[PDB]
Amino acid sequence: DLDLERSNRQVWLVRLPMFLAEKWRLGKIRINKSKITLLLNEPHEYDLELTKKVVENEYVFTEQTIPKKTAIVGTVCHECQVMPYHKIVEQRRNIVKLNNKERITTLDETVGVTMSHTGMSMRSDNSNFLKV
Amino acid sequence: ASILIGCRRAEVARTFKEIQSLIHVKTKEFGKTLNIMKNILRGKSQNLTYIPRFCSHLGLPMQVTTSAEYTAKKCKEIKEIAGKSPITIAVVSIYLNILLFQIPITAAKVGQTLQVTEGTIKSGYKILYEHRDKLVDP
DNA sequence: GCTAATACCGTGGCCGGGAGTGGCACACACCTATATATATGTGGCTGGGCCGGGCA
DNA sequence: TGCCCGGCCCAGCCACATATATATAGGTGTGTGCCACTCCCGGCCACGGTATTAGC
């Protein structure tokens with residue numbers, strides 16, 4: 001019983017930066033008449049570019065052979081993209097290029113203990129696994 | 001039993017609880033098969049080596065190893081108790097030679113590492129402490 | 001120079017028979033349980049003594 | 001500042017393995033062989049496609 005609710009609704013698609021997007025996982029957009037920005041809550045303001053002006057054949061639907069409950073939302077109205085104290089963001093972007101992994105740990109003991117635990121050590125059982 | 005025989009022929013020392021820890025042979029039938037196998041070998045015609053192995057299990061210096069060697073030989077010459085299997089003589093010998101120095105392991109750690117009873121190493125440490133007189137090398 | 005006809009080869013599914021596998025029977029071999037001295041050992045309970053903590 | 005209660009540790013003690021013989025006996029497990037059931041393999045039957053030769 002799929003039913004189109006309206007589709008008359010106009011939605012704008014946004015390609016956000018990763019820290020603010022993962023933070024969204026509220027602000028106030030200021031539309032300047034051909035340049036629009038965004039005043040977030042304390043914090044930065046963001047210019048959003050008119051990425052694609054004409055954006056037809058693109059729509060938005062939601063879901064509530066196996067038919068399921070399908071509802072239609074609205075048409076896509078404009079393709080957009082948020083563009084960006086920027087030195088701290090640039091330093092964080094330089095800082096993300098410092099990921100490393102831990103190296104192999106060298107056991108420093110007297111060897112004879114570990115080598116005793118290798119072969120026969122007069123210690124059996126102590127763990128239930130495939131014991132039937 | 002063939003592995004144990006090949007161990008006794010090559011002057012190597014492996015305790016029954018070691019091969020028993022490797023293979024579950026139920027001990028008794030292992031002893032009978034080892035006995036009749038020894039009879040087969042006789043028909044087709046030494047605890048000192050255990051000391052460096054357990055000293056390797058504990059990570060002890062060479063002076064404690066040769067000290068437990070002289071202690072093992074002397075204790076083999078003094079008689080009294082004679083042995084009660086050589087494993088306990090080895091562990092109480094290393095126990096005395098390590099209580100002579102300052103490297104601390106106590107009785108619980110050496111009893112859970114070498115799989116020996118604490119009451120047995122203390123029972124042997126009593127009479128061993130009684131024979132402490134003639135066991136000094138230097 | 002152009003047209004028409006005939007034969008042979010290869011795959012897939014099903015059924016039957018054999019074979020294998022499982023079960024049953026029989027025989028043989030193991031494998032338990034009890035007493036005796038010996039020692040010596042090891043692991044788990046029993047009783048007594050000592051130590052630690054809290055409240056008025 | 002003093003008194004009472006509970007828990008833990010140490011010293012110890014009992015039971016079961018190791019080795020010796022022997023009888024009892026009576027049980028259990030394992031192996032082999034045969035026969036029956038299931039699975040696999042082989043055999044049979046059906047259907048479709050491609051190439052070559054001869055005559056007027």
# chains A, B, ... in the order shown; residues from 1 in each chain; ligands from 1

$ select_by_dssp --residues "chain A" --states "helix (DSSP H, G or I)" --output "list in words"
residues 18, 19, 20, 21, 22, 23, 24, 86, 87, 88, 89, 90, 91, 92, 93, 94, 95, 112, 113, 114, 115, 116, 117 and 118 of chain A

$ residues_around --residues "stretch 33-41 of chain D" --least-positions-apart "3" --cutoff "12 Å" --atoms "only C-alpha atoms (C1' of nucleotides)" --output "PyMOL selection string"
chain C and resi 15-27

$ select_by_dssp --residues "stretch 11-71 of chain A" --states "strand (DSSP E or B)" --output "PyMOL selection string"
chain A and resi 11-13+28-32+35-39+45+47-52+59-63+70-71

$ write_last_selection --atoms "C-alpha atoms" --output "PDB file, in the first residue's frame"
ATOM      1  CA  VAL A  11      14.844  19.259   0.487  1.00  0.00           C
ATOM      2  CA  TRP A  12      18.466  20.387   0.243  1.00  0.00           C
ATOM      3  CA  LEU A  13      21.289  17.836   0.267  1.00  0.00           C
ATOM      4  CA  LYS A  28      20.915  29.343  12.139  1.00  0.00           C
ATOM      5  CA  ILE A  29      21.390  29.607   8.374  1.00  0.00           C
ATOM      6  CA  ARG A  30      21.723  33.186   7.095  1.00  0.00           C
ATOM      7  CA  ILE A  31      20.555  33.461   3.478  1.00  0.00           C
ATOM      8  CA  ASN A  32      22.368  36.398   1.845  1.00  0.00           C
ATOM      9  CA  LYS A  35      25.880  33.736  -0.667  1.00  0.00           C
ATOM     10  CA  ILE A  36      24.526  31.988   2.427  1.00  0.00           C
ATOM     11  CA  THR A  37      26.218  31.069   5.709  1.00  0.00           C
ATOM     12  CA  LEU A  38      25.543  29.222   8.969  1.00  0.00           C
ATOM     13  CA  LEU A  39      25.842  30.450  12.565  1.00  0.00           C
ATOM     14  CA  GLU A  45      29.938  30.330  10.579  1.00  0.00           C
ATOM     15  CA  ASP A  47      29.459  29.496   3.731  1.00  0.00           C
ATOM     16  CA  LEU A  48      27.424  26.885   1.847  1.00  0.00           C
ATOM     17  CA  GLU A  49      28.022  26.827  -1.905  1.00  0.00           C
ATOM     18  CA  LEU A  50      25.252  26.349  -4.469  1.00  0.00           C
ATOM     19  CA  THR A  51      26.825  23.114  -5.675  1.00  0.00           C
ATOM     20  CA  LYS A  52      24.201  22.199  -8.286  1.00  0.00           C
ATOM     21  CA  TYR A  59      13.918  12.802  -4.816  1.00  0.00           C
ATOM     22  CA  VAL A  60      13.697  11.542  -1.225  1.00  0.00           C
ATOM     23  CA  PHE A  61      11.576   8.705   0.173  1.00  0.00           C
ATOM     24  CA  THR A  62      11.313   6.784   3.442  1.00  0.00           C
ATOM     25  CA  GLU A  63      10.442   3.233   4.466  1.00  0.00           C
ATOM     26  CA  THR A  70       6.821   2.847   1.507  1.00  0.00           C
ATOM     27  CA  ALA A  71       6.248   6.593   1.833  1.00  0.00           C
TER      28      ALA A  71
END

$ interface_residues --of "chain B" --to "chain D" --cutoff "10 Å" --atoms "only C-alpha atoms (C1' of nucleotides)" --output "PyMOL selection string"
chain B and resi 27-28+31

$ write_last_selection --atoms "C-alpha atoms" --output "PDB file, in the first residue's frame"
ATOM      1  CA  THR B  27      50.657 -44.789  34.348  1.00  0.00           C
ATOM      2  CA  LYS B  28      50.071 -48.387  35.477  1.00  0.00           C
ATOM      3  CA  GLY B  31      54.770 -49.116  33.867  1.00  0.00           C
TER       4      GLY B  31
END

$ residues_around --residues "residue D:14" --least-positions-apart "6" --cutoff "12 Å" --atoms "only C-alpha atoms (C1' of nucleotides)" --output "PDB file with N, CA, C and O atoms (P, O5', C5', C4', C3', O3' and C1' of nucleotides), in the first residue's frame"
ATOM      1  P    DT C  42      56.109 -36.101  47.770  1.00  0.00           P
ATOM      2  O5'  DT C  42      54.637 -35.862  47.205  1.00  0.00           O
ATOM      3  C5'  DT C  42      54.025 -36.809  46.331  1.00  0.00           C
ATOM      4  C4'  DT C  42      52.533 -36.557  46.267  1.00  0.00           C
ATOM      5  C3'  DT C  42      52.146 -35.131  46.632  1.00  0.00           C
ATOM      6  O3'  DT C  42      51.092 -34.696  45.804  1.00  0.00           O
ATOM      7  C1'  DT C  42      51.079 -36.650  48.102  1.00  0.00           C
ATOM      8  P    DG C  43      50.602 -33.172  45.888  1.00  0.00           P
ATOM      9  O5'  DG C  43      49.019 -33.278  46.043  1.00  0.00           O
ATOM     10  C5'  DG C  43      48.309 -34.441  45.629  1.00  0.00           C
ATOM     11  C4'  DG C  43      46.928 -34.433  46.257  1.00  0.00           C
ATOM     12  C3'  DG C  43      46.448 -33.044  46.652  1.00  0.00           C
ATOM     13  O3'  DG C  43      45.045 -32.929  46.494  1.00  0.00           O
ATOM     14  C1'  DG C  43      46.630 -34.372  48.579  1.00  0.00           C
ATOM     15  P    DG C  44      44.334 -31.531  46.831  1.00  0.00           P
ATOM     16  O5'  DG C  44      43.110 -31.923  47.779  1.00  0.00           O
ATOM     17  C5'  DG C  44      42.346 -33.105  47.548  1.00  0.00           C
ATOM     18  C4'  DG C  44      41.750 -33.608  48.854  1.00  0.00           C
ATOM     19  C3'  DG C  44      40.957 -32.565  49.628  1.00  0.00           C
ATOM     20  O3'  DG C  44      39.880 -33.162  50.313  1.00  0.00           O
ATOM     21  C1'  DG C  44      42.763 -33.320  50.942  1.00  0.00           C
ATOM     22  P    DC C  45      38.440 -32.458  50.329  1.00  0.00           P
ATOM     23  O5'  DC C  45      38.344 -31.883  51.821  1.00  0.00           O
ATOM     24  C5'  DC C  45      37.396 -32.368  52.752  1.00  0.00           C
ATOM     25  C4'  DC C  45      38.095 -33.027  53.936  1.00  0.00           C
ATOM     26  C3'  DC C  45      37.753 -32.420  55.296  1.00  0.00           C
ATOM     27  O3'  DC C  45      37.570 -33.428  56.252  1.00  0.00           O
ATOM     28  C1'  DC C  45      40.075 -32.495  55.035  1.00  0.00           C
ATOM     29  P    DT C  46      36.964 -33.034  57.682  1.00  0.00           P
ATOM     30  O5'  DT C  46      38.128 -33.418  58.705  1.00  0.00           O
ATOM     31  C5'  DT C  46      37.803 -34.002  59.938  1.00  0.00           C
ATOM     32  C4'  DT C  46      38.610 -33.385  61.067  1.00  0.00           C
ATOM     33  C3'  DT C  46      37.902 -32.256  61.808  1.00  0.00           C
ATOM     34  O3'  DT C  46      38.289 -32.280  63.159  1.00  0.00           O
ATOM     35  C1'  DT C  46      39.933 -31.465  60.966  1.00  0.00           C
TER      36       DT C  46
END

$ closest_atom_pairs --of "chain B" --to "chain A" --cutoff "9 Å" --atoms "only C-alpha atoms" --output "JSON lines"
{"residue": "B:14", "atom": "CA", "partner": "A:120", "partner_atom": "CA", "distance": 9.0}
{"residue": "B:15", "atom": "CA", "partner": "A:122", "partner_atom": "CA", "distance": 8.5}
{"residue": "B:16", "atom": "CA", "partner": "A:122", "partner_atom": "CA", "distance": 8.9}
{"residue": "B:17", "atom": "CA", "partner": "A:122", "partner_atom": "CA", "distance": 5.5}
{"residue": "B:18", "atom": "CA", "partner": "A:122", "partner_atom": "CA", "distance": 4.9}
{"residue": "B:19", "atom": "CA", "partner": "A:120", "partner_atom": "CA", "distance": 7.3}
{"residue": "B:20", "atom": "CA", "partner": "A:122", "partner_atom": "CA", "distance": 8.0}
{"residue": "B:21", "atom": "CA", "partner": "A:122", "partner_atom": "CA", "distance": 5.7}
{"residue": "B:22", "atom": "CA", "partner": "A:120", "partner_atom": "CA", "distance": 6.8}
{"residue": "B:53", "atom": "CA", "partner": "A:116", "partner_atom": "CA", "distance": 8.9}
{"residue": "B:54", "atom": "CA", "partner": "A:116", "partner_atom": "CA", "distance": 8.9}
{"residue": "B:55", "atom": "CA", "partner": "A:112", "partner_atom": "CA", "distance": 8.5}
{"residue": "B:56", "atom": "CA", "partner": "A:112", "partner_atom": "CA", "distance": 5.0}
{"residue": "B:57", "atom": "CA", "partner": "A:113", "partner_atom": "CA", "distance": 5.2}
{"residue": "B:58", "atom": "CA", "partner": "A:113", "partner_atom": "CA", "distance": 6.3}
{"residue": "B:59", "atom": "CA", "partner": "A:112", "partner_atom": "CA", "distance": 5.6}
{"residue": "B:60", "atom": "CA", "partner": "A:110", "partner_atom": "CA", "distance": 8.9}
{"residue": "B:113", "atom": "CA", "partner": "A:121", "partner_atom": "CA", "distance": 8.1}
{"residue": "B:114", "atom": "CA", "partner": "A:122", "partner_atom": "CA", "distance": 7.3}
{"residue": "B:115", "atom": "CA", "partner": "A:122", "partner_atom": "CA", "distance": 6.6}

$ write_last_selection --atoms "N, CA and C atoms" --output "PDB file, in the first residue's frame"
ATOM      1  N   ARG B  14      64.096 -37.440  31.578  1.00  0.00           N
ATOM      2  CA  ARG B  14      62.725 -36.963  31.427  1.00  0.00           C
ATOM      3  C   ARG B  14      61.854 -37.688  32.441  1.00  0.00           C
ATOM      4  N   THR B  15      61.176 -36.927  33.293  1.00  0.00           N
ATOM      5  CA  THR B  15      60.368 -37.512  34.354  1.00  0.00           C
ATOM      6  C   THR B  15      59.131 -38.195  33.776  1.00  0.00           C
ATOM      7  N   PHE B  16      58.572 -39.124  34.559  1.00  0.00           N
ATOM      8  CA  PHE B  16      57.371 -39.835  34.130  1.00  0.00           C
ATOM      9  C   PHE B  16      56.184 -38.891  33.983  1.00  0.00           C
ATOM     10  N   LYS B  17      56.138 -37.825  34.786  1.00  0.00           N
ATOM     11  CA  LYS B  17      55.047 -36.862  34.689  1.00  0.00           C
ATOM     12  C   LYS B  17      55.160 -35.986  33.448  1.00  0.00           C
ATOM     13  N   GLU B  18      56.324 -35.967  32.799  1.00  0.00           N
ATOM     14  CA  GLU B  18      56.490 -35.177  31.581  1.00  0.00           C
ATOM     15  C   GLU B  18      55.912 -35.908  30.375  1.00  0.00           C
ATOM     16  N   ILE B  19      56.360 -37.142  30.137  1.00  0.00           N
ATOM     17  CA  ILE B  19      55.764 -37.960  29.084  1.00  0.00           C
ATOM     18  C   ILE B  19      54.298 -38.230  29.397  1.00  0.00           C
ATOM     19  N   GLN B  20      53.971 -38.385  30.682  1.00  0.00           N
ATOM     20  CA  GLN B  20      52.575 -38.524  31.080  1.00  0.00           C
ATOM     21  C   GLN B  20      51.789 -37.259  30.769  1.00  0.00           C
ATOM     22  N   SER B  21      52.423 -36.092  30.912  1.00  0.00           N
ATOM     23  CA  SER B  21      51.773 -34.852  30.511  1.00  0.00           C
ATOM     24  C   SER B  21      51.616 -34.770  28.998  1.00  0.00           C
ATOM     25  N   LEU B  22      52.502 -35.428  28.250  1.00  0.00           N
ATOM     26  CA  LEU B  22      52.368 -35.458  26.797  1.00  0.00           C
ATOM     27  C   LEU B  22      51.317 -36.474  26.359  1.00  0.00           C
ATOM     28  N   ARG B  53      68.140 -29.206  34.492  1.00  0.00           N
ATOM     29  CA  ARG B  53      66.861 -28.996  33.823  1.00  0.00           C
ATOM     30  C   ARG B  53      65.914 -28.174  34.688  1.00  0.00           C
ATOM     31  N   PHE B  54      65.778 -28.542  35.964  1.00  0.00           N
ATOM     32  CA  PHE B  54      64.926 -27.767  36.860  1.00  0.00           C
ATOM     33  C   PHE B  54      65.535 -26.405  37.174  1.00  0.00           C
ATOM     34  N   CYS B  55      66.866 -26.325  37.252  1.00  0.00           N
ATOM     35  CA  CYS B  55      67.514 -25.024  37.371  1.00  0.00           C
ATOM     36  C   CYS B  55      67.251 -24.164  36.142  1.00  0.00           C
ATOM     37  N   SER B  56      67.066 -24.794  34.979  1.00  0.00           N
ATOM     38  CA  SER B  56      66.645 -24.050  33.797  1.00  0.00           C
ATOM     39  C   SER B  56      65.176 -23.657  33.883  1.00  0.00           C
ATOM     40  N   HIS B  57      64.349 -24.490  34.521  1.00  0.00           N
ATOM     41  CA  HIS B  57      62.946 -24.137  34.715  1.00  0.00           C
ATOM     42  C   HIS B  57      62.792 -22.958  35.668  1.00  0.00           C
ATOM     43  N   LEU B  58      63.700 -22.822  36.635  1.00  0.00           N
ATOM     44  CA  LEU B  58      63.654 -21.709  37.572  1.00  0.00           C
ATOM     45  C   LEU B  58      64.527 -20.537  37.152  1.00  0.00           C
ATOM     46  N   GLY B  59      65.443 -20.739  36.208  1.00  0.00           N
ATOM     47  CA  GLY B  59      66.333 -19.677  35.781  1.00  0.00           C
ATOM     48  C   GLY B  59      67.335 -19.292  36.849  1.00  0.00           C
ATOM     49  N   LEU B  60      68.095 -20.276  37.342  1.00  0.00           N
ATOM     50  CA  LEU B  60      69.062 -20.082  38.406  1.00  0.00           C
ATOM     51  C   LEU B  60      70.476 -19.986  37.843  1.00  0.00           C
ATOM     52  N   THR B 113      55.534 -24.597  40.156  1.00  0.00           N
ATOM     53  CA  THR B 113      56.269 -24.635  38.895  1.00  0.00           C
ATOM     54  C   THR B 113      56.803 -26.032  38.609  1.00  0.00           C
ATOM     55  N   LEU B 114      57.449 -26.649  39.595  1.00  0.00           N
ATOM     56  CA  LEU B 114      58.015 -27.985  39.447  1.00  0.00           C
ATOM     57  C   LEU B 114      57.019 -29.092  39.764  1.00  0.00           C
ATOM     58  N   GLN B 115      55.784 -28.742  40.132  1.00  0.00           N
ATOM     59  CA  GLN B 115      54.729 -29.708  40.442  1.00  0.00           C
ATOM     60  C   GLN B 115      55.160 -30.642  41.576  1.00  0.00           C
TER      61      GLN B 115
END

$ atom_distance --atom1 "atom CA of residue A:92" --atom2 "atom CA of residue A:79"
27.6 Å

$ closest_residue --among "A:18, A:89, A:34, A:10" --to "residue A:56" --atoms "only C-alpha atoms"
A:10

$ interface_residues --of "chain B" --to "chain C" --cutoff "8 Å" --atoms "only C-alpha atoms (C1' of nucleotides)" --output "ChimeraX atom specification"
/B:84,117,120

$ closest_residue --among "B:50, B:125, B:134, B:13" --to "residue B:93" --atoms "only C-alpha atoms"
B:125

$ closest_residue --among "A:17, A:106, A:33, A:7" --to "residue A:84" --atoms "only C-alpha atoms"
A:17

$ atom_distance --atom1 "atom CA of residue B:119" --atom2 "atom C1' of residue C:47"
18.6 Å

$ residues_around --residues "residue D:54" --least-positions-apart "6" --cutoff "12 Å" --atoms "only C-alpha atoms (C1' of nucleotides)" --output "count of residues only"
5

$ residues_around --residues "residue B:127" --least-positions-apart "3" --cutoff "12 Å" --atoms "only C-alpha atoms (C1' of nucleotides)" --output "list in words"
residues 75, 78, 79, 80, 81, 82, 89, 92, 93, 96, 120, 121, 122, 123, 124, 130, 131, 132 and 133 of chain B

$ atom_distance --atom1 "atom CA of residue A:76" --atom2 "atom CA of residue A:46"
21.4 Å

$ residues_around --residues "stretch 1-5 of chain D" --least-positions-apart "6" --cutoff "12 Å" --atoms "only C-alpha atoms (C1' of nucleotides)" --output "VMD selection string"
chain C and resid 52 to 56
